[PDB]
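Peer 1: I'm passing along final-v4.cif; it holds mmCIF, N, CA and C atoms.
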data_target
loop_
_atom_site.group_PDB
_atom_site.id
_atom_site.type_symbol
_atom_site.label_atom_id
_atom_site.label_comp_id
_atom_site.auth_asym_id
_atom_site.auth_seq_id
_atom_site.Cartn_x
_atom_site.Cartn_y
_atom_site.Cartn_z
ATOM 1 N N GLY A 1 -21.023 12.390 -5.828
ATOM 2 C CA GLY A 1 -20.557 12.721 -7.178
ATOM 3 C C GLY A 1 -19.266 13.518 -7.137
ATOM 4 N N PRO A 2 -19.319 14.859 -7.206
ATOM 5 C CA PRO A 2 -18.142 15.681 -7.465
ATOM 6 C C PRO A 2 -17.211 15.818 -6.262
ATOM 7 N N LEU A 3 -17.696 15.542 -5.044
ATOM 8 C CA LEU A 3 -16.958 15.649 -3.790
ATOM 9 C C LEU A 3 -16.166 16.967 -3.725
ATOM 10 N N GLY A 4 -15.101 16.968 -2.937
ATOM 11 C CA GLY A 4 -14.164 18.039 -2.695
ATOM 12 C C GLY A 4 -13.257 17.574 -1.563
ATOM 13 N N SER A 5 -12.277 18.395 -1.193
ATOM 14 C CA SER A 5 -11.273 17.997 -0.221
ATOM 15 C C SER A 5 -10.557 16.702 -0.662
ATOM 16 N N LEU A 6 -10.020 15.929 0.284
ATOM 17 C CA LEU A 6 -9.354 14.650 0.059
ATOM 18 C C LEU A 6 -9.982 13.624 0.999
ATOM 19 N N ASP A 7 -10.021 12.343 0.618
ATOM 20 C CA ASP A 7 -10.532 11.278 1.470
ATOM 21 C C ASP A 7 -9.656 11.157 2.708
ATOM 22 N N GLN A 8 -10.180 10.596 3.799
ATOM 23 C CA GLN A 8 -9.386 10.358 5.003
ATOM 24 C C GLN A 8 -8.177 9.466 4.697
ATOM 25 N N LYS A 9 -8.368 8.377 3.942
ATOM 26 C CA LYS A 9 -7.247 7.525 3.540
ATOM 27 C C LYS A 9 -6.265 8.332 2.700
ATOM 28 N N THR A 10 -6.741 8.918 1.605
ATOM 29 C CA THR A 10 -5.943 9.664 0.636
ATOM 30 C C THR A 10 -5.110 10.778 1.306
ATOM 31 N N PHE A 11 -5.663 11.470 2.304
ATOM 32 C CA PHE A 11 -4.980 12.409 3.188
ATOM 33 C C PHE A 11 -3.783 11.767 3.889
ATOM 34 N N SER A 12 -3.968 10.602 4.502
ATOM 35 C CA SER A 12 -2.884 9.890 5.169
ATOM 36 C C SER A 12 -1.812 9.470 4.155
ATOM 37 N N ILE A 13 -2.218 9.058 2.947
ATOM 38 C CA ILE A 13 -1.308 8.590 1.906
ATOM 39 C C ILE A 13 -0.364 9.732 1.496
ATOM 40 N N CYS A 14 -0.898 10.912 1.139
ATOM 41 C CA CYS A 14 -0.029 12.039 0.784
ATOM 42 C C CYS A 14 0.904 12.441 1.929
ATOM 43 N N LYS A 15 0.434 12.483 3.178
ATOM 44 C CA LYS A 15 1.294 12.659 4.355
ATOM 45 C C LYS A 15 2.479 11.698 4.326
ATOM 46 N N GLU A 16 2.250 10.406 4.098
ATOM 47 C CA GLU A 16 3.318 9.413 4.093
ATOM 48 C C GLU A 16 4.267 9.612 2.908
ATOM 49 N N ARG A 17 3.796 10.083 1.750
ATOM 50 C CA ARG A 17 4.697 10.339 0.619
ATOM 51 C C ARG A 17 5.508 11.609 0.873
ATOM 52 N N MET A 18 4.868 12.652 1.393
ATOM 53 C CA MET A 18 5.514 13.899 1.762
ATOM 54 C C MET A 18 6.175 13.723 3.130
ATOM 55 N N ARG A 19 7.236 12.907 3.177
ATOM 56 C CA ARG A 19 8.099 12.742 4.339
ATOM 57 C C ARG A 19 9.410 13.459 4.044
ATOM 58 N N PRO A 20 10.271 12.984 3.126
ATOM 59 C CA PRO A 20 11.566 13.613 2.893
ATOM 60 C C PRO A 20 11.425 15.069 2.435
ATOM 61 N N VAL A 21 10.453 15.347 1.565
ATOM 62 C CA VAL A 21 10.243 16.665 0.970
ATOM 63 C C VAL A 21 9.523 17.648 1.908
ATOM 64 N N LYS A 22 9.329 17.314 3.196
ATOM 65 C CA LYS A 22 8.661 18.212 4.141
ATOM 66 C C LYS A 22 9.273 19.598 4.166
ATOM 67 N N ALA A 23 10.604 19.698 4.230
ATOM 68 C CA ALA A 23 11.256 20.998 4.241
ATOM 69 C C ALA A 23 10.818 21.841 3.055
ATOM 70 N N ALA A 24 10.938 21.287 1.850
ATOM 71 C CA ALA A 24 10.697 22.020 0.622
ATOM 72 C C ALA A 24 9.247 22.486 0.573
ATOM 73 N N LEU A 25 8.303 21.571 0.807
ATOM 74 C CA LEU A 25 6.885 21.887 0.754
ATOM 75 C C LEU A 25 6.517 22.925 1.814
ATOM 76 N N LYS A 26 7.088 22.836 3.019
ATOM 77 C CA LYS A 26 6.806 23.811 4.068
ATOM 78 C C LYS A 26 7.397 25.177 3.716
ATOM 79 N N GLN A 27 8.582 25.220 3.099
ATOM 80 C CA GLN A 27 9.147 26.468 2.568
ATOM 81 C C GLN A 27 8.225 27.109 1.519
ATOM 82 N N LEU A 28 7.375 26.339 0.830
ATOM 83 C CA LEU A 28 6.436 26.867 -0.157
ATOM 84 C C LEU A 28 5.205 27.515 0.486
ATOM 85 N N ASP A 29 4.896 27.180 1.741
ATOM 86 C CA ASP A 29 3.854 27.823 2.544
ATOM 87 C C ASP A 29 4.395 29.129 3.129
ATOM 88 N N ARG A 30 5.613 29.057 3.672
ATOM 89 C CA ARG A 30 6.265 30.096 4.457
ATOM 90 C C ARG A 30 7.710 30.237 3.990
ATOM 91 N N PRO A 31 7.997 31.038 2.953
ATOM 92 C CA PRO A 31 9.356 31.212 2.468
ATOM 93 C C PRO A 31 10.247 31.889 3.512
ATOM 94 N N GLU A 32 11.551 31.804 3.274
ATOM 95 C CA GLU A 32 12.591 32.448 4.055
ATOM 96 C C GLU A 32 12.670 33.933 3.662
ATOM 97 N N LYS A 33 13.188 34.779 4.563
ATOM 98 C CA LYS A 33 13.189 36.235 4.453
ATOM 99 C C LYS A 33 14.529 36.898 4.771
ATOM 100 N N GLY A 34 15.520 36.123 5.184
ATOM 101 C CA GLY A 34 16.801 36.601 5.693
ATOM 102 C C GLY A 34 17.975 36.362 4.744
ATOM 103 N N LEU A 35 17.724 36.005 3.483
ATOM 104 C CA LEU A 35 18.748 35.731 2.489
ATOM 105 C C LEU A 35 18.752 36.834 1.440
ATOM 106 N N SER A 36 19.596 36.622 0.450
ATOM 107 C CA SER A 36 19.865 37.483 -0.677
ATOM 108 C C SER A 36 18.771 37.305 -1.745
ATOM 109 N N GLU A 37 18.790 38.088 -2.826
ATOM 110 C CA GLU A 37 17.866 37.919 -3.943
ATOM 111 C C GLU A 37 18.246 36.690 -4.770
ATOM 112 N N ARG A 38 19.538 36.537 -5.080
ATOM 113 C CA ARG A 38 20.020 35.441 -5.922
ATOM 114 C C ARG A 38 19.844 34.115 -5.192
ATOM 115 N N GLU A 39 19.968 34.173 -3.867
ATOM 116 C CA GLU A 39 19.750 33.069 -2.955
ATOM 117 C C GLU A 39 18.320 32.582 -3.080
ATOM 118 N N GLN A 40 17.354 33.491 -2.916
ATOM 119 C CA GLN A 40 15.937 33.177 -3.044
ATOM 120 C C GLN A 40 15.656 32.520 -4.391
ATOM 121 N N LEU A 41 16.303 33.024 -5.442
ATOM 122 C CA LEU A 41 16.079 32.555 -6.792
ATOM 123 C C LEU A 41 16.420 31.071 -6.902
ATOM 124 N N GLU A 42 17.591 30.620 -6.443
ATOM 125 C CA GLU A 42 17.894 29.184 -6.465
ATOM 126 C C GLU A 42 17.037 28.380 -5.512
ATOM 127 N N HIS A 43 16.875 28.923 -4.313
ATOM 128 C CA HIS A 43 16.130 28.340 -3.211
ATOM 129 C C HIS A 43 14.763 27.839 -3.675
ATOM 130 N N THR A 44 13.936 28.721 -4.245
ATOM 131 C CA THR A 44 12.577 28.354 -4.617
ATOM 132 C C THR A 44 12.585 27.210 -5.638
ATOM 133 N N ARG A 45 13.521 27.198 -6.598
ATOM 134 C CA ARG A 45 13.578 26.115 -7.579
ATOM 135 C C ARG A 45 13.984 24.818 -6.906
ATOM 136 N N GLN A 46 15.021 24.832 -6.073
ATOM 137 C CA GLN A 46 15.507 23.645 -5.381
ATOM 138 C C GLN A 46 14.421 23.029 -4.498
ATOM 139 N N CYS A 47 13.575 23.841 -3.861
ATOM 140 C CA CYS A 47 12.357 23.385 -3.225
ATOM 141 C C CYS A 47 11.425 22.729 -4.259
ATOM 142 N N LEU A 48 10.972 23.517 -5.234
ATOM 143 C CA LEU A 48 9.979 23.176 -6.244
ATOM 144 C C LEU A 48 10.290 21.858 -6.950
ATOM 145 N N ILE A 49 11.477 21.707 -7.552
ATOM 146 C CA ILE A 49 11.833 20.487 -8.250
ATOM 147 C C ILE A 49 11.859 19.301 -7.298
ATOM 148 N N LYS A 50 12.366 19.436 -6.071
ATOM 149 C CA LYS A 50 12.485 18.285 -5.181
ATOM 150 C C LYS A 50 11.102 17.767 -4.825
ATOM 151 N N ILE A 51 10.157 18.677 -4.576
ATOM 152 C CA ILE A 51 8.765 18.313 -4.343
ATOM 153 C C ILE A 51 8.229 17.629 -5.601
ATOM 154 N N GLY A 52 8.278 18.304 -6.751
ATOM 155 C CA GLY A 52 7.607 17.861 -7.964
ATOM 156 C C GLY A 52 8.201 16.571 -8.531
ATOM 157 N N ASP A 53 9.490 16.334 -8.319
ATOM 158 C CA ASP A 53 10.198 15.131 -8.732
ATOM 159 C C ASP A 53 9.879 13.992 -7.771
ATOM 160 N N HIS A 54 9.810 14.247 -6.452
ATOM 161 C CA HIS A 54 9.346 13.215 -5.526
ATOM 162 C C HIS A 54 7.873 12.872 -5.785
ATOM 163 N N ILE A 55 7.022 13.859 -6.092
ATOM 164 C CA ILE A 55 5.670 13.630 -6.589
ATOM 165 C C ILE A 55 5.746 12.685 -7.790
ATOM 166 N N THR A 56 6.565 13.024 -8.793
ATOM 167 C CA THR A 56 6.696 12.227 -10.004
ATOM 168 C C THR A 56 7.020 10.775 -9.646
ATOM 169 N N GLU A 57 8.021 10.552 -8.796
ATOM 170 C CA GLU A 57 8.503 9.211 -8.507
ATOM 171 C C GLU A 57 7.494 8.422 -7.669
ATOM 172 N N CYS A 58 6.820 9.099 -6.746
ATOM 173 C CA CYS A 58 5.678 8.568 -6.021
ATOM 174 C C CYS A 58 4.610 8.040 -6.979
ATOM 175 N N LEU A 59 4.328 8.772 -8.055
ATOM 176 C CA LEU A 59 3.324 8.390 -9.035
ATOM 177 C C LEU A 59 3.847 7.340 -10.004
ATOM 178 N N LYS A 60 5.149 7.219 -10.325
ATOM 179 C CA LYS A 60 5.575 6.097 -11.171
ATOM 180 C C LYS A 60 5.555 4.780 -10.391
ATOM 181 N N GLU A 61 5.368 4.826 -9.066
ATOM 182 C CA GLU A 61 5.284 3.639 -8.240
ATOM 183 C C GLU A 61 4.090 2.799 -8.703
ATOM 184 N N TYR A 62 2.942 3.446 -8.926
ATOM 185 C CA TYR A 62 1.723 2.758 -9.345
ATOM 186 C C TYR A 62 1.816 2.355 -10.817
ATOM 187 N N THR A 63 1.002 1.377 -11.220
ATOM 188 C CA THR A 63 0.945 0.910 -12.603
ATOM 189 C C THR A 63 -0.384 1.220 -13.283
ATOM 190 N N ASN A 64 -1.503 1.123 -12.555
ATOM 191 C CA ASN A 64 -2.815 1.279 -13.170
ATOM 192 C C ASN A 64 -2.979 2.716 -13.640
ATOM 193 N N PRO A 65 -3.668 2.933 -14.774
ATOM 194 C CA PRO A 65 -3.877 4.262 -15.319
ATOM 195 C C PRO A 65 -4.702 5.090 -14.338
ATOM 196 N N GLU A 66 -5.691 4.474 -13.694
ATOM 197 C CA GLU A 66 -6.550 5.094 -12.695
ATOM 198 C C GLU A 66 -5.709 5.734 -11.596
ATOM 199 N N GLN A 67 -4.824 4.933 -10.996
ATOM 200 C CA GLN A 67 -3.953 5.310 -9.902
ATOM 201 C C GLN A 67 -2.991 6.396 -10.357
ATOM 202 N N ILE A 68 -2.181 6.146 -11.390
ATOM 203 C CA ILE A 68 -1.170 7.114 -11.798
ATOM 204 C C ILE A 68 -1.850 8.443 -12.148
ATOM 205 N N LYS A 69 -3.021 8.445 -12.802
ATOM 206 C CA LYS A 69 -3.760 9.666 -13.136
ATOM 207 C C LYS A 69 -4.306 10.339 -11.878
ATOM 208 N N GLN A 70 -4.957 9.594 -10.984
ATOM 209 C CA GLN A 70 -5.575 10.171 -9.800
ATOM 210 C C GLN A 70 -4.493 10.713 -8.873
ATOM 211 N N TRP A 71 -3.451 9.938 -8.563
ATOM 212 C CA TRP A 71 -2.377 10.380 -7.705
ATOM 213 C C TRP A 71 -1.637 11.556 -8.352
ATOM 214 N N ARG A 72 -1.519 11.584 -9.696
ATOM 215 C CA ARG A 72 -0.971 12.724 -10.447
ATOM 216 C C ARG A 72 -1.714 14.023 -10.144
ATOM 217 N N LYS A 73 -2.948 13.985 -9.634
ATOM 218 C CA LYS A 73 -3.643 15.173 -9.158
ATOM 219 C C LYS A 73 -3.652 15.235 -7.641
ATOM 220 N N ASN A 74 -3.867 14.120 -6.933
ATOM 221 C CA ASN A 74 -3.989 14.082 -5.478
ATOM 222 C C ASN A 74 -2.785 14.734 -4.810
ATOM 223 N N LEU A 75 -1.566 14.364 -5.222
ATOM 224 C CA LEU A 75 -0.359 14.879 -4.579
ATOM 225 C C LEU A 75 -0.228 16.378 -4.845
ATOM 226 N N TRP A 76 -0.460 16.818 -6.083
ATOM 227 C CA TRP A 76 -0.490 18.233 -6.429
ATOM 228 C C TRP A 76 -1.525 19.001 -5.602
ATOM 229 N N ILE A 77 -2.709 18.427 -5.347
ATOM 230 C CA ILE A 77 -3.744 19.060 -4.530
ATOM 231 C C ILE A 77 -3.197 19.213 -3.114
ATOM 232 N N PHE A 78 -2.728 18.119 -2.513
ATOM 233 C CA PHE A 78 -2.215 18.121 -1.150
ATOM 234 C C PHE A 78 -1.145 19.192 -0.961
ATOM 235 N N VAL A 79 -0.146 19.230 -1.839
ATOM 236 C CA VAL A 79 0.926 20.212 -1.768
ATOM 237 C C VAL A 79 0.365 21.618 -1.952
ATOM 238 N N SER A 80 -0.533 21.820 -2.917
ATOM 239 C CA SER A 80 -1.153 23.111 -3.181
ATOM 240 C C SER A 80 -1.863 23.703 -1.950
ATOM 241 N N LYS A 81 -2.302 22.900 -0.973
ATOM 242 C CA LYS A 81 -2.902 23.431 0.259
ATOM 243 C C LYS A 81 -1.858 24.187 1.083
ATOM 244 N N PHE A 82 -0.625 23.688 1.088
ATOM 245 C CA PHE A 82 0.538 24.251 1.760
ATOM 246 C C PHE A 82 1.232 25.338 0.933
ATOM 247 N N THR A 83 0.547 26.068 0.052
ATOM 248 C CA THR A 83 1.182 27.185 -0.630
ATOM 249 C C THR A 83 0.116 28.150 -1.161
ATOM 250 N N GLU A 84 0.536 29.318 -1.644
ATOM 251 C CA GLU A 84 -0.326 30.243 -2.369
ATOM 252 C C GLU A 84 -0.594 29.761 -3.804
ATOM 253 N N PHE A 85 0.227 28.832 -4.304
ATOM 254 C CA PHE A 85 0.211 28.385 -5.682
ATOM 255 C C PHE A 85 -0.796 27.253 -5.849
ATOM 256 N N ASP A 86 -1.855 27.519 -6.617
ATOM 257 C CA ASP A 86 -2.787 26.472 -7.016
ATOM 258 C C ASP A 86 -2.046 25.393 -7.789
ATOM 259 N N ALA A 87 -2.637 24.205 -7.829
ATOM 260 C CA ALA A 87 -2.161 23.075 -8.625
ATOM 261 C C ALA A 87 -2.163 23.389 -10.129
ATOM 262 N N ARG A 88 -2.920 24.404 -10.568
ATOM 263 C CA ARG A 88 -2.860 24.924 -11.938
ATOM 264 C C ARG A 88 -1.559 25.696 -12.184
ATOM 265 N N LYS A 89 -1.061 26.438 -11.189
ATOM 266 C CA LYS A 89 0.210 27.155 -11.244
ATOM 267 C C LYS A 89 1.329 26.146 -11.065
ATOM 268 N N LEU A 90 1.290 25.369 -9.979
ATOM 269 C CA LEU A 90 2.421 24.602 -9.480
ATOM 270 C C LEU A 90 2.951 23.661 -10.555
ATOM 271 N N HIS A 91 2.066 22.895 -11.196
ATOM 272 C CA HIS A 91 2.404 22.006 -12.301
ATOM 273 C C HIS A 91 3.098 22.781 -13.437
ATOM 274 N N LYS A 92 2.584 23.957 -13.815
ATOM 275 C CA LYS A 92 3.152 24.787 -14.879
ATOM 276 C C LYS A 92 4.535 25.314 -14.484
ATOM 277 N N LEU A 93 4.687 25.773 -13.241
ATOM 278 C CA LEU A 93 5.908 26.352 -12.693
ATOM 279 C C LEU A 93 6.993 25.280 -12.583
ATOM 280 N N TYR A 94 6.633 24.113 -12.049
ATOM 281 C CA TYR A 94 7.468 22.925 -12.013
ATOM 282 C C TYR A 94 7.949 22.601 -13.422
ATOM 283 N N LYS A 95 7.031 22.452 -14.390
ATOM 284 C CA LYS A 95 7.380 22.246 -15.796
ATOM 285 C C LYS A 95 8.412 23.260 -16.266
ATOM 286 N N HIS A 96 8.201 24.559 -16.039
ATOM 287 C CA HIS A 96 9.172 25.578 -16.436
ATOM 288 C C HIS A 96 10.560 25.294 -15.859
ATOM 289 N N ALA A 97 10.637 24.936 -14.572
ATOM 290 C CA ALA A 97 11.891 24.622 -13.901
ATOM 291 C C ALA A 97 12.580 23.455 -14.600
ATOM 292 N N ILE A 98 11.987 22.259 -14.563
ATOM 293 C CA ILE A 98 12.593 21.043 -15.106
ATOM 294 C C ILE A 98 12.964 21.261 -16.576
ATOM 295 N N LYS A 99 12.046 21.828 -17.366
ATOM 296 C CA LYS A 99 12.252 22.001 -18.798
ATOM 297 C C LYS A 99 13.451 22.890 -19.071
ATOM 298 N N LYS A 100 13.483 24.076 -18.449
ATOM 299 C CA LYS A 100 14.582 25.033 -18.572
ATOM 300 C C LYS A 100 15.900 24.351 -18.228
ATOM 301 N N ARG A 101 15.958 23.744 -17.048
ATOM 302 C CA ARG A 101 17.177 23.180 -16.488
ATOM 303 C C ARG A 101 17.674 21.991 -17.305
ATOM 304 N N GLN A 102 16.784 21.327 -18.046
ATOM 305 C CA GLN A 102 17.029 20.127 -18.833
ATOM 306 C C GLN A 102 17.451 18.922 -17.985
ATOM 307 N N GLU A 103 17.383 19.043 -16.663
ATOM 308 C CA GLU A 103 17.466 17.918 -15.753
ATOM 309 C C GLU A 103 16.182 17.095 -15.891
ATOM 310 N N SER A 104 16.261 15.815 -15.521
ATOM 311 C CA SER A 104 15.179 14.844 -15.394
ATOM 312 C C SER A 104 15.800 13.513 -14.950
ATOM 313 N N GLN A 105 16.884 13.078 -15.610
ATOM 314 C CA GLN A 105 17.641 11.865 -15.305
ATOM 315 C C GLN A 105 16.744 10.612 -15.282
ATOM 316 N N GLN A 106 17.239 9.516 -14.701
ATOM 317 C CA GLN A 106 16.451 8.348 -14.359
ATOM 318 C C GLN A 106 16.927 7.812 -13.009
ATOM 319 N N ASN A 107 16.009 7.173 -12.282
ATOM 320 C CA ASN A 107 16.260 6.391 -11.072
ATOM 321 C C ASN A 107 17.031 7.151 -9.986
ATOM 322 N N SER A 108 16.866 8.476 -9.955
ATOM 323 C CA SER A 108 17.298 9.333 -8.861
ATOM 324 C C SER A 108 16.492 9.005 -7.619
#
Take the structure in the file and write it out as structure tokens.

Peer 2:
Amino acid sequence: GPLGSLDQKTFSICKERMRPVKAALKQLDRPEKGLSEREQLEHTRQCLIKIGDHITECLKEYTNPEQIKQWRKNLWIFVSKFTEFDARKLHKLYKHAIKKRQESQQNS
């Protein structure tokens, strides 16, 4: 019924999607400590949006409502393991970034 964790397949799938964004997601587990305050401020957003936008584009790949909805949580869960930020925070924080910045574009 309710399970927990991620399936063995589903685990491999998120690994394969989180290829280019490895730097950003790993910086969310273990941030940098040798930069400025203003530096950190841009840094965390540039990480966050690149992850969350690659998540977004990974999920527009699928067509079925089942898939786009399930992967819309699966990828957030996977990334959330690599940070202090729960998927309840991360989605909200990502939203704040994209919304504020008014970036979104198409076909990036």

Peer 1: Which residues come within 12 Å of residue A:23, counting only C-alpha atoms, excluding same-chain residues fewer than 4 positions away, as a ChimeraX atom specification?

Peer 2: /A:18-19,27-32,43-44,46-48,50-51,79,82

Peer 1: How would you write, as a ChimeraX atom specification, the set of residues in chain A that DSSP gives as alpha helix (DSSP H)?

Peer 2: /A:8-17,22-29,37-60,65-81,87-101

Peer 1: How many Å lie between atom CA of residue A:24 and atom CA of residue A:77, rounded to one decimal?

Peer 2: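 Atom CA of residue A:24 sits 15.6 Å away from atom CA of residue A:77.
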
Peer 1: Using the file's own x, y and z axes, what box holds all listed atoms of stretch 81-93 of chain A with 3 Å on each side, keeping edges along x, y and z, and what are its centre and edge lengths in Å to one decimal, as JSON?

Peer 2:
{"center_x": 2.0, "center_y": 26.1, "center_z": -6.6, "size_x": 15.9, "size_y": 14.2, "size_z": 22.6}

Peer 1: So that I can see what lies close to stretch 69-76 of chain A, please list as a list in words the residues with an atom at most 6 Å from it, counting all atoms listed in the file and leaving out residues fewer than 5 positions away in the same chain.

Peer 2: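 Answer for this query is residues 59, 64 and 87 of chain A.
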
Peer 1: Tell me, in Å to one decimal, how far atom C of residue A:1 is from atom C of residue A:17.

Peer 2: 26.1 Å

Peer 1: Using only C-alpha atoms, which residues sit within 12 Å of residue A:106 once same-chain residues fewer than 3 positions away are excluded, as an NGL selection string?

Peer 2: :A and (53 or 56-57 or 60 or 103)

Peer 1: Could you add the missing atoms to stretch 77-98 of chain A, up to N, CA, C and O atoms, and return them as a PDB file, keeping the file's coordinate frame?

Peer 2:
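Final output, saved to rebuild03.pdb:
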ATOM      1  N   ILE A  77      -2.709  18.427  -5.347  1.00  0.00           N
ATOM      2  CA  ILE A  77      -3.744  19.060  -4.530  1.00  0.00           C
ATOM      3  C   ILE A  77      -3.197  19.213  -3.114  1.00  0.00           C
ATOM      4  O   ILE A  77      -3.206  20.314  -2.582  1.00  0.00           O
ATOM      5  N   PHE A  78      -2.728  18.119  -2.513  1.00  0.00           N
ATOM      6  CA  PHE A  78      -2.215  18.121  -1.150  1.00  0.00           C
ATOM      7  C   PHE A  78      -1.145  19.192  -0.961  1.00  0.00           C
ATOM      8  O   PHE A  78      -1.229  19.971  -0.018  1.00  0.00           O
ATOM      9  N   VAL A  79      -0.146  19.230  -1.839  1.00  0.00           N
ATOM     10  CA  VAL A  79       0.926  20.212  -1.768  1.00  0.00           C
ATOM     11  C   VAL A  79       0.365  21.618  -1.952  1.00  0.00           C
ATOM     12  O   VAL A  79       0.723  22.495  -1.178  1.00  0.00           O
ATOM     13  N   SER A  80      -0.533  21.820  -2.917  1.00  0.00           N
ATOM     14  CA  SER A  80      -1.153  23.111  -3.181  1.00  0.00           C
ATOM     15  C   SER A  80      -1.863  23.703  -1.950  1.00  0.00           C
ATOM     16  O   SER A  80      -2.000  24.923  -1.881  1.00  0.00           O
ATOM     17  N   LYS A  81      -2.302  22.900  -0.973  1.00  0.00           N
ATOM     18  CA  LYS A  81      -2.902  23.431   0.259  1.00  0.00           C
ATOM     19  C   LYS A  81      -1.858  24.187   1.083  1.00  0.00           C
ATOM     20  O   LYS A  81      -2.177  25.182   1.733  1.00  0.00           O
ATOM     21  N   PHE A  82      -0.625  23.688   1.088  1.00  0.00           N
ATOM     22  CA  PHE A  82       0.538  24.251   1.760  1.00  0.00           C
ATOM     23  C   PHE A  82       1.232  25.338   0.933  1.00  0.00           C
ATOM     24  O   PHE A  82       2.440  25.506   1.075  1.00  0.00           O
ATOM     25  N   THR A  83       0.547  26.068   0.052  1.00  0.00           N
ATOM     26  CA  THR A  83       1.182  27.185  -0.630  1.00  0.00           C
ATOM     27  C   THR A  83       0.116  28.150  -1.161  1.00  0.00           C
ATOM     28  O   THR A  83      -1.082  27.851  -1.155  1.00  0.00           O
ATOM     29  N   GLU A  84       0.536  29.318  -1.644  1.00  0.00           N
ATOM     30  CA  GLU A  84      -0.326  30.243  -2.369  1.00  0.00           C
ATOM     31  C   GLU A  84      -0.594  29.761  -3.804  1.00  0.00           C
ATOM     32  O   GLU A  84      -1.509  30.264  -4.469  1.00  0.00           O
ATOM     33  N   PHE A  85       0.227  28.832  -4.304  1.00  0.00           N
ATOM     34  CA  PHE A  85       0.211  28.385  -5.682  1.00  0.00           C
ATOM     35  C   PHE A  85      -0.796  27.253  -5.849  1.00  0.00           C
ATOM     36  O   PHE A  85      -0.625  26.146  -5.327  1.00  0.00           O
ATOM     37  N   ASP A  86      -1.855  27.519  -6.617  1.00  0.00           N
ATOM     38  CA  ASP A  86      -2.787  26.472  -7.016  1.00  0.00           C
ATOM     39  C   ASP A  86      -2.046  25.393  -7.789  1.00  0.00           C
ATOM     40  O   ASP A  86      -1.068  25.660  -8.489  1.00  0.00           O
ATOM     41  N   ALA A  87      -2.637  24.205  -7.829  1.00  0.00           N
ATOM     42  CA  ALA A  87      -2.161  23.075  -8.625  1.00  0.00           C
ATOM     43  C   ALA A  87      -2.163  23.389 -10.129  1.00  0.00           C
ATOM     44  O   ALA A  87      -1.457  22.729 -10.895  1.00  0.00           O
ATOM     45  N   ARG A  88      -2.920  24.404 -10.568  1.00  0.00           N
ATOM     46  CA  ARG A  88      -2.860  24.924 -11.938  1.00  0.00           C
ATOM     47  C   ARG A  88      -1.559  25.696 -12.184  1.00  0.00           C
ATOM     48  O   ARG A  88      -1.001  25.595 -13.277  1.00  0.00           O
ATOM     49  N   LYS A  89      -1.061  26.438 -11.189  1.00  0.00           N
ATOM     50  CA  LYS A  89       0.210  27.155 -11.244  1.00  0.00           C
ATOM     51  C   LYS A  89       1.329  26.146 -11.065  1.00  0.00           C
ATOM     52  O   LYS A  89       2.217  26.088 -11.904  1.00  0.00           O
ATOM     53  N   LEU A  90       1.290  25.369  -9.979  1.00  0.00           N
ATOM     54  CA  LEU A  90       2.421  24.602  -9.480  1.00  0.00           C
ATOM     55  C   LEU A  90       2.951  23.661 -10.555  1.00  0.00           C
ATOM     56  O   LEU A  90       4.135  23.689 -10.863  1.00  0.00           O
ATOM     57  N   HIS A  91       2.066  22.895 -11.196  1.00  0.00           N
ATOM     58  CA  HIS A  91       2.404  22.006 -12.301  1.00  0.00           C
ATOM     59  C   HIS A  91       3.098  22.781 -13.437  1.00  0.00           C
ATOM     60  O   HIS A  91       4.100  22.324 -13.987  1.00  0.00           O
ATOM     61  N   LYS A  92       2.584  23.957 -13.815  1.00  0.00           N
ATOM     62  CA  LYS A  92       3.152  24.787 -14.879  1.00  0.00           C
ATOM     63  C   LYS A  92       4.535  25.314 -14.484  1.00  0.00           C
ATOM     64  O   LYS A  92       5.452  25.339 -15.309  1.00  0.00           O
ATOM     65  N   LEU A  93       4.687  25.773 -13.241  1.00  0.00           N
ATOM     66  CA  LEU A  93       5.908  26.352 -12.693  1.00  0.00           C
ATOM     67  C   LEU A  93       6.993  25.280 -12.583  1.00  0.00           C
ATOM     68  O   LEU A  93       8.121  25.496 -13.026  1.00  0.00           O
ATOM     69  N   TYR A  94       6.633  24.113 -12.049  1.00  0.00           N
ATOM     70  CA  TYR A  94       7.468  22.925 -12.013  1.00  0.00           C
ATOM     71  C   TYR A  94       7.949  22.601 -13.422  1.00  0.00           C
ATOM     72  O   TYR A  94       9.157  22.587 -13.644  1.00  0.00           O
ATOM     73  N   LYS A  95       7.031  22.452 -14.390  1.00  0.00           N
ATOM     74  CA  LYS A  95       7.380  22.246 -15.796  1.00  0.00           C
ATOM     75  C   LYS A  95       8.412  23.260 -16.266  1.00  0.00           C
ATOM     76  O   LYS A  95       9.424  22.856 -16.818  1.00  0.00           O
ATOM     77  N   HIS A  96       8.201  24.559 -16.039  1.00  0.00           N
ATOM     78  CA  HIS A  96       9.172  25.578 -16.436  1.00  0.00           C
ATOM     79  C   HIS A  96      10.560  25.294 -15.859  1.00  0.00           C
ATOM     80  O   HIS A  96      11.553  25.480 -16.572  1.00  0.00           O
ATOM     81  N   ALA A  97      10.637  24.936 -14.572  1.00  0.00           N
ATOM     82  CA  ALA A  97      11.891  24.622 -13.901  1.00  0.00           C
ATOM     83  C   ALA A  97      12.580  23.455 -14.600  1.00  0.00           C
ATOM     84  O   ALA A  97      13.623  23.676 -15.215  1.00  0.00           O
ATOM     85  N   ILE A  98      11.987  22.259 -14.563  1.00  0.00           N
ATOM     86  CA  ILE A  98      12.593  21.043 -15.106  1.00  0.00           C
ATOM     87  C   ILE A  98      12.964  21.261 -16.576  1.00  0.00           C
ATOM     88  O   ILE A  98      14.094  20.995 -16.980  1.00  0.00           O
TER      89      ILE A  98
END
